[PDB]
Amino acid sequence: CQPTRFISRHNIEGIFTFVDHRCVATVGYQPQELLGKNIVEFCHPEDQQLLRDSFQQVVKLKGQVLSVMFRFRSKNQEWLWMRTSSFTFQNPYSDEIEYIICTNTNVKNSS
């Protein structure tokens, strides 16, 4: 059984700038409902600093992967466990600001 997951692109501030349509099955939102919003706006209060810290660290990692598990508010207003693995990309031929690529998978909080 394949995991349920979707890809997103963010600016370094955390704003969704691209969302793969697999997001509908994963978290219930249409891509247009996520675009332009910060990922932290969907984050459980206990996990908000964690997620900010994660996005800060990923920029410092200059392309290496960081992964974080946190609670994401679904379209049905339920807390879903998400594991986000992220890394930055920058076009090597220019000096465009880097952006962040995330793969976001619904996972279990279970031992």
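In case it trips you up, residue 1 is the first one in the sequence shown, and so on.
A.B. asks: Can you let me know which of the two, 82-90 or 25-33, has the higher average C-alpha B-factor in the entry?
C.D. replies: Per the deposited B-factors, the answer is 25-33.
A.B. asks: Comparing 7-15 with 93-101, where is the mean C-alpha B-factor higher?
C.D. replies: Going by the record's values, the stretch with the higher mean is 93-101.
A.B. asks: With respect to C-alpha B-factor, does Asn109 fall in the lowest, middle or highest third of the chain as deposited?
C.D. replies: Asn109: CA B-factor falls in the lowest third of its chain.
A.B. asks: Just say lowest, middle or highest third for the CA B-factor of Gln48 relative to the other modelled residues in its chain.
C.D. replies: Answer is lowest: the recorded C-alpha B-factor places it there.
A.B. asks: Lowest, middle or highest third: where is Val65 by C-alpha B factor in its chain?
C.D. replies: As the PDB entry reports it, the C-alpha B-factor of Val65 lands in the middle third of its chain.
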